[PDB]
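Below: upload_20.csv (CSV, C-alpha atoms and all ligand atoms)
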chain,number,residue,atom,x,y,z
A,842,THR,CA,-7.7,-24.5,11.8
A,843,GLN,CA,-11.0,-23.8,10.0
A,844,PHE,CA,-13.4,-20.8,9.8
A,845,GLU,CA,-17.0,-21.9,9.6
A,846,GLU,CA,-19.4,-19.6,7.6
A,847,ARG,CA,-22.2,-19.7,10.2
A,848,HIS,CA,-20.0,-18.3,13.0
A,849,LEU,CA,-18.9,-15.1,11.2
A,850,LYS,CA,-21.0,-12.4,12.6
A,851,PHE,CA,-21.1,-9.1,10.7
A,852,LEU,CA,-20.1,-6.1,12.9
A,853,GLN,CA,-19.2,-3.3,10.4
A,854,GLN,CA,-18.3,-2.3,6.9
A,855,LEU,CA,-14.7,-1.2,6.8
A,856,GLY,CA,-14.0,-0.3,3.1
A,857,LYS,CA,-13.8,-1.1,-0.6
A,858,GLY,CA,-10.6,-2.6,-2.3
A,861,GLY,CA,-13.3,-6.8,-2.7
A,862,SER,CA,-14.9,-5.3,0.4
A,863,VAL,CA,-13.4,-5.4,3.9
A,864,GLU,CA,-15.6,-6.1,6.9
A,865,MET,CA,-15.1,-6.3,10.7
A,866,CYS,CA,-16.5,-9.5,12.0
A,867,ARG,CA,-16.7,-11.6,15.2
A,868,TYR,CA,-15.7,-15.3,14.7
A,869,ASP,CA,-17.9,-16.6,17.5
A,870,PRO,CA,-18.3,-20.4,17.3
A,871,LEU,CA,-19.2,-20.4,21.0
A,872,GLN,CA,-22.3,-18.1,20.5
A,873,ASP,CA,-21.7,-15.8,23.6
A,874,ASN,CA,-19.9,-12.9,21.8
A,875,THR,CA,-16.5,-13.8,23.2
A,876,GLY,CA,-15.0,-14.7,19.9
A,877,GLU,CA,-12.1,-12.9,18.2
A,878,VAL,CA,-12.8,-9.8,16.1
A,879,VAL,CA,-11.2,-10.2,12.7
A,880,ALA,CA,-11.2,-8.7,9.2
A,881,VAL,CA,-12.8,-10.4,6.3
A,882,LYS,CA,-12.0,-9.6,2.6
A,883,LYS,CA,-14.5,-10.9,0.1
A,884,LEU,CA,-14.9,-10.3,-3.6
A,885,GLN,CA,-17.8,-8.1,-4.9
A,886,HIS,CA,-18.1,-9.6,-8.4
A,887,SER,CA,-16.6,-13.1,-8.2
A,888,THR,CA,-16.2,-14.3,-11.8
A,889,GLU,CA,-13.7,-17.0,-13.0
A,890,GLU,CA,-11.0,-14.5,-13.9
A,891,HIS,CA,-11.3,-12.4,-10.7
A,892,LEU,CA,-11.6,-15.4,-8.4
A,893,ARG,CA,-8.4,-16.9,-9.7
A,894,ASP,CA,-6.8,-13.5,-8.9
A,895,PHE,CA,-8.2,-13.5,-5.3
A,896,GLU,CA,-6.9,-17.1,-5.0
A,897,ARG,CA,-3.4,-16.1,-6.1
A,898,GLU,CA,-3.5,-13.1,-3.8
A,899,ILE,CA,-4.3,-15.4,-0.8
A,900,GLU,CA,-1.4,-17.7,-1.7
A,901,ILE,CA,0.8,-14.5,-1.7
A,902,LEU,CA,-0.4,-13.3,1.7
A,903,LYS,CA,-0.3,-16.7,3.4
A,904,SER,CA,3.4,-17.0,2.4
A,905,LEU,CA,4.2,-13.7,4.0
A,906,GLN,CA,5.3,-13.5,7.6
A,907,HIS,CA,6.6,-10.2,8.9
A,908,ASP,CA,6.0,-7.6,11.7
A,909,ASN,CA,4.8,-5.1,9.2
A,910,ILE,CA,2.6,-7.2,7.0
A,911,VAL,CA,-0.9,-8.0,8.1
A,912,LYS,CA,-1.4,-11.5,9.5
A,913,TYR,CA,-3.1,-14.1,7.3
A,914,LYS,CA,-5.5,-16.1,9.6
A,915,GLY,CA,-7.3,-18.5,7.2
A,916,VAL,CA,-9.9,-18.9,4.5
A,917,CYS,CA,-13.7,-19.3,4.6
A,918,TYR,CA,-15.4,-21.5,2.0
A,919,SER,CA,-18.9,-22.1,0.8
A,923,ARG,CA,-16.8,-21.8,-4.8
A,924,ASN,CA,-16.7,-18.4,-3.0
A,925,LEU,CA,-13.8,-17.1,-0.9
A,926,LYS,CA,-13.5,-15.0,2.3
A,927,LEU,CA,-10.0,-14.1,3.4
A,928,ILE,CA,-9.7,-13.9,7.2
A,929,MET,CA,-7.0,-11.5,8.5
A,930,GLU,CA,-6.1,-10.0,11.9
A,931,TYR,CA,-8.1,-7.0,12.8
A,932,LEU,CA,-5.8,-3.9,13.2
A,933,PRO,CA,-7.7,-1.8,15.7
A,934,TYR,CA,-6.4,1.7,14.8
A,935,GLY,CA,-7.6,1.5,11.2
A,936,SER,CA,-6.3,3.1,8.0
A,937,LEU,CA,-3.1,5.1,8.3
A,938,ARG,CA,-4.7,7.7,6.0
A,939,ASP,CA,-7.4,8.4,8.6
A,940,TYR,CA,-5.1,7.9,11.6
A,941,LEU,CA,-2.8,10.7,10.4
A,942,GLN,CA,-5.7,13.0,9.7
A,943,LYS,CA,-7.2,12.3,13.2
A,944,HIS,CA,-4.0,12.9,15.1
A,945,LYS,CA,-2.8,15.7,12.7
A,946,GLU,CA,0.2,17.3,14.3
A,947,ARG,CA,0.1,15.3,17.5
A,948,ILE,CA,2.3,12.9,15.5
A,949,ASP,CA,5.8,14.4,15.4
A,950,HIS,CA,8.6,13.8,12.8
A,951,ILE,CA,10.3,11.0,14.8
A,952,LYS,CA,7.0,9.1,14.9
A,953,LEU,CA,6.4,9.5,11.1
A,954,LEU,CA,9.9,8.1,10.6
A,955,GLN,CA,9.1,5.1,12.8
A,956,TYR,CA,6.3,4.5,10.3
A,957,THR,CA,8.5,5.2,7.3
A,958,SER,CA,11.1,2.6,8.5
A,959,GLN,CA,8.4,0.0,9.1
A,960,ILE,CA,6.7,0.4,5.7
A,961,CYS,CA,10.2,0.2,4.2
A,962,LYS,CA,11.1,-3.0,6.0
A,963,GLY,CA,7.8,-4.7,4.9
A,964,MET,CA,8.7,-3.8,1.3
A,965,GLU,CA,12.3,-5.0,1.5
A,966,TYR,CA,11.1,-8.3,2.8
A,967,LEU,CA,8.4,-8.5,0.2
A,968,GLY,CA,11.2,-8.1,-2.4
A,969,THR,CA,13.1,-11.2,-1.2
A,970,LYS,CA,10.3,-13.4,-2.6
A,971,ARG,CA,10.2,-11.5,-5.9
A,972,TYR,CA,6.8,-10.0,-5.3
A,973,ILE,CA,5.9,-6.5,-6.6
A,974,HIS,CA,3.2,-4.6,-4.6
A,975,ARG,CA,2.1,-2.3,-7.5
A,976,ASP,CA,-0.2,-0.3,-5.1
A,977,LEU,CA,1.8,1.2,-2.3
A,978,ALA,CA,-0.2,4.1,-0.8
A,979,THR,CA,-1.1,5.1,2.7
A,980,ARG,CA,-4.7,3.8,2.2
A,981,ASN,CA,-3.2,0.3,2.0
A,982,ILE,CA,-1.3,0.8,5.2
A,983,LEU,CA,-2.9,0.0,8.6
A,984,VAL,CA,-2.3,0.9,12.2
A,985,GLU,CA,-2.0,-1.7,15.0
A,986,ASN,CA,-1.0,0.7,17.7
A,987,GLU,CA,0.9,4.0,18.2
A,988,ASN,CA,4.2,2.1,17.6
A,989,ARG,CA,3.2,-0.1,14.6
A,990,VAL,CA,1.8,0.0,11.1
A,991,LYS,CA,1.5,-2.8,8.5
A,992,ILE,CA,1.1,-3.2,4.8
A,993,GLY,CA,-2.6,-4.3,4.8
A,994,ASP,CA,-3.5,-5.2,1.2
A,995,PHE,CA,-2.0,-7.1,-1.7
A,996,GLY,CA,-4.9,-7.0,-4.1
A,997,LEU,CA,-2.6,-6.0,-7.0
A,998,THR,CA,0.6,-7.7,-6.1
A,999,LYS,CA,2.3,-9.7,-8.9
A,1000,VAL,CA,5.1,-12.3,-8.9
A,1001,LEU,CA,8.2,-11.7,-10.9
A,1002,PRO,CA,8.6,-14.2,-13.8
A,1003,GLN,CA,11.7,-16.5,-13.5
A,1004,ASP,CA,14.0,-14.8,-16.0
A,1005,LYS,CA,12.8,-11.1,-16.0
A,1006,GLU,CA,13.2,-8.4,-13.3
A,1007,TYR,CA,10.0,-6.6,-14.3
A,1008,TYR,CA,6.4,-7.5,-15.1
A,1009,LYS,CA,4.2,-6.4,-18.0
A,1010,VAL,CA,0.5,-5.7,-17.2
A,1011,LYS,CA,-1.1,-6.3,-20.6
A,1012,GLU,CA,-4.6,-5.1,-19.9
A,1013,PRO,CA,-4.8,-2.8,-16.9
A,1014,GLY,CA,-7.8,-2.5,-14.6
A,1015,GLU,CA,-7.8,0.3,-12.0
A,1016,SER,CA,-4.6,2.2,-12.0
A,1017,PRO,CA,-3.4,4.5,-9.1
A,1018,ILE,CA,-1.5,6.5,-11.8
A,1019,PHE,CA,-0.6,9.4,-9.4
A,1020,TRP,CA,1.6,6.9,-7.5
A,1021,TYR,CA,3.0,5.4,-10.8
A,1022,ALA,CA,6.6,5.5,-12.1
A,1023,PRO,CA,7.1,6.8,-15.6
A,1024,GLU,CA,7.9,3.4,-17.2
A,1025,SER,CA,4.7,2.0,-15.6
A,1026,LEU,CA,2.7,4.7,-17.3
A,1027,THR,CA,4.2,4.5,-20.8
A,1028,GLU,CA,4.7,0.7,-20.8
A,1029,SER,CA,3.0,-1.1,-17.8
A,1030,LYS,CA,6.5,-2.2,-16.6
A,1031,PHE,CA,6.3,-3.0,-12.9
A,1032,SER,CA,9.4,-3.8,-10.8
A,1033,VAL,CA,10.9,-3.4,-7.3
A,1034,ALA,CA,12.3,-0.1,-8.6
A,1035,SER,CA,8.7,1.2,-9.5
A,1036,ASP,CA,7.6,0.1,-6.0
A,1037,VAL,CA,10.4,2.4,-4.8
A,1038,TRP,CA,9.0,5.3,-6.7
A,1039,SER,CA,5.7,4.6,-5.0
A,1040,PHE,CA,7.4,4.6,-1.7
A,1041,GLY,CA,8.7,8.1,-2.3
A,1042,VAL,CA,5.1,9.2,-2.9
A,1043,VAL,CA,4.0,7.5,0.3
A,1044,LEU,CA,6.8,9.4,2.2
A,1045,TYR,CA,5.3,12.6,0.6
A,1046,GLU,CA,1.8,11.6,1.9
A,1047,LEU,CA,3.2,11.0,5.4
A,1048,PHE,CA,4.8,14.5,5.7
A,1049,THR,CA,1.7,16.3,4.3
A,1050,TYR,CA,-0.3,14.6,7.1
A,1051,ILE,CA,-2.6,13.4,4.3
A,1052,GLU,CA,-4.1,16.9,4.0
A,1053,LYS,CA,-6.4,16.5,1.0
A,1054,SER,CA,-5.6,19.8,-0.8
A,1055,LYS,CA,-1.9,18.8,-0.8
A,1056,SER,CA,-2.5,15.1,-1.9
A,1057,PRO,CA,-0.7,13.7,-5.0
A,1058,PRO,CA,-3.8,13.7,-7.2
A,1059,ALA,CA,-4.5,17.4,-6.2
A,1060,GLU,CA,-0.9,18.4,-6.8
A,1061,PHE,CA,-0.3,16.7,-10.2
A,1062,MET,CA,-3.7,18.0,-11.5
A,1063,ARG,CA,-2.7,21.6,-10.7
A,1064,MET,CA,0.7,21.1,-12.4
A,1065,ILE,CA,-0.9,19.7,-15.6
A,1066,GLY,CA,-4.1,21.8,-15.4
A,1067,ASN,CA,-7.5,20.9,-13.9
A,1068,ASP,CA,-8.9,20.9,-17.4
A,1069,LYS,CA,-7.3,17.6,-18.1
A,1070,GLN,CA,-9.6,14.5,-18.2
A,1071,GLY,CA,-9.5,10.8,-18.9
A,1072,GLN,CA,-6.6,9.5,-20.9
A,1073,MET,CA,-5.3,13.1,-21.4
A,1074,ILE,CA,-4.2,13.1,-17.8
A,1075,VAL,CA,-2.0,10.0,-18.5
A,1076,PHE,CA,-0.5,11.7,-21.6
A,1077,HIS,CA,0.3,15.0,-19.8
A,1078,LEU,CA,1.6,13.3,-16.6
A,1079,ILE,CA,4.1,11.3,-18.6
A,1080,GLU,CA,5.3,14.6,-20.2
A,1081,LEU,CA,5.3,16.4,-16.9
A,1082,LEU,CA,7.5,13.7,-15.2
A,1083,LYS,CA,9.8,13.2,-18.3
A,1084,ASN,CA,10.6,16.9,-17.6
A,1085,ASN,CA,11.3,16.7,-13.8
A,1086,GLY,CA,7.9,17.9,-12.7
A,1087,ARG,CA,7.8,16.6,-9.2
A,1088,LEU,CA,5.6,17.0,-6.1
A,1089,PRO,CA,6.7,20.0,-4.0
A,1090,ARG,CA,8.6,19.7,-0.7
A,1091,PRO,CA,5.9,19.4,2.0
A,1092,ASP,CA,5.6,22.3,4.3
A,1093,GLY,CA,7.8,21.7,7.4
A,1094,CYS,CA,9.5,18.7,5.9
A,1095,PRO,CA,13.2,18.4,6.8
A,1096,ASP,CA,15.9,18.5,4.1
A,1097,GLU,CA,17.1,14.9,4.3
A,1098,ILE,CA,13.6,13.3,4.1
A,1099,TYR,CA,12.7,15.3,1.1
A,1100,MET,CA,16.1,14.3,-0.4
A,1101,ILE,CA,15.0,10.6,-0.1
A,1102,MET,CA,11.7,11.3,-2.0
A,1103,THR,CA,13.5,12.8,-5.0
A,1104,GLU,CA,16.0,9.9,-5.2
A,1105,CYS,CA,13.0,7.6,-5.3
A,1106,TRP,CA,11.5,9.8,-8.2
A,1107,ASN,CA,14.5,9.2,-10.5
A,1108,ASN,CA,13.5,8.8,-14.2
A,1109,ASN,CA,16.4,6.4,-14.6
A,1110,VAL,CA,15.2,3.1,-12.9
A,1111,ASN,CA,18.8,1.8,-12.2
A,1112,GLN,CA,19.6,4.8,-10.0
A,1113,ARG,CA,16.7,4.6,-7.6
A,1114,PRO,CA,17.8,3.4,-4.1
A,1115,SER,CA,17.0,-0.2,-2.9
A,1116,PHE,CA,14.6,-0.8,0.0
A,1117,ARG,CA,17.6,-2.2,1.8
A,1118,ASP,CA,19.5,1.1,1.7
A,1119,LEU,CA,16.4,3.1,2.5
A,1120,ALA,CA,15.7,1.2,5.7
A,1121,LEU,CA,19.3,1.9,6.9
A,1122,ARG,CA,19.1,5.5,5.8
A,1123,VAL,CA,15.8,6.1,7.7
A,1124,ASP,CA,17.0,4.4,10.8
A,1125,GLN,CA,20.3,6.5,10.7
A,1126,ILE,CA,18.2,9.7,10.5
A,1127,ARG,CA,15.9,8.6,13.4
A,1128,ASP,CA,18.9,8.0,15.7
A,1129,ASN,CA,20.4,11.4,14.7
A,1130,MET,CA,17.2,13.0,16.0
A,1201,LIG,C1,-6.0,-2.0,3.0
A,1201,LIG,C2,-7.3,-2.6,3.0
A,1201,LIG,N1,-8.2,-2.2,1.8
A,1201,LIG,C3,-8.2,-3.1,0.6
A,1201,LIG,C4,-7.6,-2.5,-0.6
A,1201,LIG,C5,-8.9,-1.0,1.9
A,1201,LIG,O1,-9.6,-0.7,0.9
A,1201,LIG,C6,-8.9,-0.1,3.1
A,1201,LIG,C7,-8.8,1.3,2.6
A,1201,LIG,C8,-10.0,2.1,3.1
A,1201,LIG,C9,-10.3,1.9,4.6
A,1201,LIG,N2,-10.6,0.4,4.9
A,1201,LIG,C10,-10.3,0.0,6.2
A,1201,LIG,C11,-9.7,-1.2,6.5
A,1201,LIG,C12,-9.4,-1.5,7.9
A,1201,LIG,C13,-8.8,-2.7,8.4
A,1201,LIG,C14,-8.5,-3.0,9.7
A,1201,LIG,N3,-8.9,-2.1,10.8
A,1201,LIG,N4,-7.9,-4.1,9.8
A,1201,LIG,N5,-7.7,-4.7,8.6
A,1201,LIG,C15,-7.1,-5.9,8.2
A,1201,LIG,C16,-7.0,-6.2,6.8
A,1201,LIG,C17,-7.6,-5.3,5.9
A,1201,LIG,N6,-8.2,-4.1,6.3
A,1201,LIG,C18,-8.2,-3.8,7.6
A,1201,LIG,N7,-9.8,-0.6,8.8
A,1201,LIG,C19,-10.3,0.6,8.4
A,1201,LIG,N8,-10.6,0.8,7.2
A,1201,LIG,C20,-10.1,-0.5,3.8
Could I get this file's structure written as C-alpha cells?
Amino acid sequence: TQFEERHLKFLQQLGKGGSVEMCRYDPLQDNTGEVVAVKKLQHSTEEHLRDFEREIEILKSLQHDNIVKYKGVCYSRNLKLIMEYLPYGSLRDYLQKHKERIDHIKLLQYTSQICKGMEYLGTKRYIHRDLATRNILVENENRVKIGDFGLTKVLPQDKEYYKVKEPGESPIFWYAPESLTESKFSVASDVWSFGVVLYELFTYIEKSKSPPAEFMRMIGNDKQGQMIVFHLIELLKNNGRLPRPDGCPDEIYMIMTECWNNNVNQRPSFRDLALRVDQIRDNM
C-alpha cells in the first residue's frame, strides 16, 4: 500500500541521523490519519541515496518485536522512509526523564530486548555498527526497539567481518579496538558496543558519566581530533575500561567487561547474552 506525498502533514521535527520527522498520513483530510515517522536524507547525492536505498532494503527485510516497523516508502528520485511512530521517544531521553523511577529489573527488561533484536539481526548476517541508546526507541513502559539502521552493513559471502575503507561519521567511543585500528566490523564488534550500551543504561544516561566524558578524562581532555583515536587505541590495548556504574550490581558489570574483551573470539554471543540476562531477571 502506497504513501502519497501530498497527504504527509508535518507535525514536528524529531531529530538528526537524514532527518526524522513526526507526520500525519492523512489521505482523508480530517486529521484522523495515522501518526508515523518519516526519515528523509538531508543531502541526497548519488552515493548517499544508494546508501539510503540499501538501508531501506535492510529494514524492510527485518521483522521482530524489538526492531522498529517498516511501513513503506514515499516517492517523488527522492526517498522518504515511513516507519511506525514510537510514542515514548528516544531511550536516552526516556531514561533521563524517569531517572530512578526505573529500577534494575526494568532496565534488564530493556537489556534483554535490545539483545534479542541484535541476535535476530545476526541471523541475516547484518552488522549494526552503531548500537547506542540514542538509536533505541521506546514504544511503552514494557518495550523498546532498535530504531535506526543508517550504518548497518551486510557481511560479504566468504568473510565474517567487513572493512569500511573510507569512514564517515564514527561513534568511536562505542568502537571495538579492531574497528579503531583497522575498520573491521563484525558481530563481535557489535557485542563490544552492546557492552557500552549496558553501561549507558546503568548510568541512567547521566551526561557527566557518559562514555565520551569518561574516556576523555582517562586519556586527558587536552586530546583533540585524530589524537583522541591514537590515545584511545593505546588506552584500550592496556585494559583501560569504563568504570563500574554507581549502584550497578556485580553480575551486570561482569557482562560489560566480557563484552570489552580485546580478543574478539572470546566475547560472548548475543545468543548467550539473552539467556544470561533472562536468568538474572528471573533470579531477582
Ligand atoms: C534512532 C533514530 N535516529 C536516526 C539515527 C535519531 O537520530 C534519533 C536520535 C535523536 C532523537 N530522535 C528521535 C526519534 C524519535 C522516533 C520516534 N518517536 N519514533 N521513531 C521511529 C523511527 C525513527 N525515529 C523515531 N523520537 C524522538 N526522537 C532521532
**Prompt:** When distances are computed from only C-alpha atoms and all ligand atoms, which of A:869, A:961, A:919, A:985 shows the smallest separation from ligand LIG 1201 (chain A)?
**Reply:** A:985
**Complete:** Students should find that atom CA of residue A:1095 and atom CA of residue A:955 are spaced 15.2 Å
**Request:** Give the answer as one residue: which of A:917, A:982, A:927, A:892 has the shortest atom-to-atom distance to ligand LIG 1201 (chain A), using all atoms listed in the file?
**Result:**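 Going through A:917, A:982, A:927, A:892 one by one, the smallest distance to ligand LIG 1201 (chain A) is for A:982.
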**Prompt:** Once you count only C-alpha atoms and all ligand atoms, which residues end up within 9 Å of ligand LIG 1201 (chain A), and could you hand them over as a PyMOL selection string?
**Reply:** chain A and resi 854-858+861-865+879-882+911-913+928-939+976+979-985+992-997
**Request:** Please measure the separation of atom CA of residue A:1042 and atom CA of residue A:1021, giving the value in Å to one decimal.
**Result:**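 The value is 9.0 Å.
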**Selected residue, from A:1102, A:1078, A:977, A:990, that lies nearest to residue A:1020 when counting all atoms listed in the file** = A:977
**Request:** Please provide as a ChimeraX atom specification all residues within 9 Å of stretch 1057-1062 of chain A, with the sequence filter that same-chain residues fewer than 6 positions apart are discarded (counting only C-alpha atoms).
**Result:** /A:1018-1020,1042,1045-1046,1068-1069,1074,1078,1081,1086-1089
**Asked** What is the atom CA of residue A:905 to atom CA of residue A:1000 distance in Å?
**Response**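 Interatomic distance here is 13.0 Å.
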**Message:** Counting all atoms listed in the file, I want the residues whose atoms come within 12 Å of (8.4, -11.1, -1.6) in the file frame, returned as a PyMOL selection string.
**Reply:** chain A and resi 900-907+910+962-974+995+998-1001+1032-1033
Which residues, written as a JSON list (two decimals) with C-alpha atoms, in the frame of the given file, have at least one atom at most 12 Å from residue A:1080, with only C-alpha atoms counted and residues fewer than 5 positions away on the same chain left out?
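See out-v4.json below for the written result:
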[["chain", "number", "residue", "atom", "x", "y", "z"],
["A", 1023, "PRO", "CA", 7.10, 6.80, -15.60],
["A", 1024, "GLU", "CA", 7.90, 3.40, -17.20],
["A", 1026, "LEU", "CA", 2.70, 4.70, -17.30],
["A", 1027, "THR", "CA", 4.20, 4.50, -20.80],
["A", 1061, "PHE", "CA", -0.30, 16.70, -10.20],
["A", 1064, "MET", "CA", 0.70, 21.10, -12.40],
["A", 1065, "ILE", "CA", -0.90, 19.70, -15.60],
["A", 1073, "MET", "CA", -5.30, 13.10, -21.40],
["A", 1074, "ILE", "CA", -4.20, 13.10, -17.80],
["A", 1075, "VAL", "CA", -2.00, 10.00, -18.50],
["A", 1085, "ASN", "CA", 11.30, 16.70, -13.80],
["A", 1086, "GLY", "CA", 7.90, 17.90, -12.70],
["A", 1087, "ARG", "CA", 7.80, 16.60, -9.20],
["A", 1108, "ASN", "CA", 13.50, 8.80, -14.20]]
What's around residue A:951 at 8 Å? Count all atoms listed in the file, leave out sequence neighbours fewer than 2 positions away in its own chain, and write the answer as a PDB file with C-alpha atoms, in the coordinates of the input.
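The resulting file, around27.pdb, is reproduced below:
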ATOM      1  CA  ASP A 949       5.800  14.400  15.400  1.00  0.00           C
ATOM      2  CA  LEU A 953       6.400   9.500  11.100  1.00  0.00           C
ATOM      3  CA  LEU A 954       9.900   8.100  10.600  1.00  0.00           C
ATOM      4  CA  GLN A 955       9.100   5.100  12.800  1.00  0.00           C
ATOM      5  CA  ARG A1127      15.900   8.600  13.400  1.00  0.00           C
ATOM      6  CA  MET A1130      17.200  13.000  16.000  1.00  0.00           C
TER       7      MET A1130
END
**Prompt:** In terms of the shortest atom-to-atom distance over all atoms listed in the file, which of A:845, A:877, A:1124, A:1036 is closest to residue A:1105?
**Reply:**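 Checking each candidate against residue A:1105, we get A:1036 as the closest.
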**Prompt:** Which is closer to residue A:909 than all the others in A:942, A:872, A:986, A:1025, using all atoms listed in the file?
**Reply:**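 Selected residue with least distance to residue A:909: A:986.
Using only C-alpha atoms for every distance, the candidate list A:1098, A:1120, A:899, A:849 yields A:849 as the residue closest to residue A:876.
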